[PDB]
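Quick setup: one chain, the form solved without this ligand, written in structure tokens, and binding and motion questions come after.
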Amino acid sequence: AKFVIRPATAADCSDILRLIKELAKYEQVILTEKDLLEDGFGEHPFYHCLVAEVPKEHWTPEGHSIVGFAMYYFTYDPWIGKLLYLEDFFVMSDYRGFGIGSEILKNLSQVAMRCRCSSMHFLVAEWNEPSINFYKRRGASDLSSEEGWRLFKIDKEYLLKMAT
């Protein structure tokens, strides 16, 4: 259960897609490996990922070495500027309890310090009390509820109508 945390490289795309699908089980993953490569390793990456890698004696049954990841990117708020935005954070069930999640959060926090980011933002489902409390124990606050902010989206078919 030796593991190392490191940035993902282009060579890790199939593993990232595999983990995203694992994460979906806790939902229609349409992203492809091709998407992960072009969106993550071009001149202007749309996301960054830290992955957890284990040696062979602990590879998964399918024979894989990447057992966890955190996908994040930098955002901005006009009030304070730069923020680190944590999009997803997942460690395979059989690899939890060994310190992988804690080291990932530590490294994400160090990256935030390097960035001079003022805060780390992320979404939590309102009903997921266990997760809410996990983050509250780390100093989190529910900005949506405290300040009265709701998240909205406008999907592709509408953007197309407006664009044409």
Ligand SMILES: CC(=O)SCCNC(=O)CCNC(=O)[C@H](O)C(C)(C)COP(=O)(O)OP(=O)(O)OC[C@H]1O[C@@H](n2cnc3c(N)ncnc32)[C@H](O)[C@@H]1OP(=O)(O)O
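Numbers for residues come from their place in the sequence shown, where the first is 1. We call the rigid core the largest set of C-alpha positions that still match within 1.5 Å between the two forms.
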Hey, after superposing on the core, which one moves around more in 6 other deposited structures of this protein, 155 to 163 or 4 to 12, CA-wise?
155 to 163
More shifted region, core-based fit in 6 other deposited structures of this protein, 38 to 46 vs 126 to 134 by CA:
126 to 134
Where both flanking residues are modelled in the other PDB entries compared, is residue 27 itself missing in a third or more?
yes
Between residue 26 and residue 27, count the deposited residues left without coordinates and pick a bin: none, 1 to 3, 4 to 9, 10 or more.
4 to 9
Comparing 58 to 66 with 110 to 118, which stretch shows the greater average C-alpha B-factor in the deposited entry?
58 to 66
Would 80 to 88 or 67 to 75 have the larger average of its C-alpha temperature factors, as given in the entry?
80 to 88
Highest-ranked of 22, 146, 12, 155 once sorted by CA temperature factor in the record
22
Among 135, 98, 127, 47 - the residue whose C-alpha B-factor is largest in the record
98
Residue 37 CA temperature factor, ranked by third within the chain:
middle
Temperature factor at the Cα of residue 5, chain-ranked in thirds, falls in the lowest
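There is another form of the same protein, the form solved in complex with this ligand; it is not shown, and what comes next is about it.
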Assess the spot marked by 26, 123 and 128: is this ligand within 4.5 Å of a heavy atom from every one of these residues in the deposited complex?
yes
Taking heavy atoms and a 4.5 Å cut-off, does residue 72 contact this ligand in the deposited complex?
no
Answer yes if any heavy atom of residue 116 is within 4.5 Å of a heavy atom of this ligand in the deposited complex; otherwise answer no.
no
Look up in the deposited complex whether residue 66 has a non-hydrogen atom within 4.5 angstroms of this ligand, and give yes or no.
no
Just to confirm, residue 50 within 4.5 Å of this ligand in the deposited complex by heavy atoms?
no
In the deposited complex, residues of 86 to 107 near this ligand [heavy atom within 4.5 Å]:
86, 87, 88, 89, 90, 91, 95, 96, 97, 98, 99, 100, 101, 102
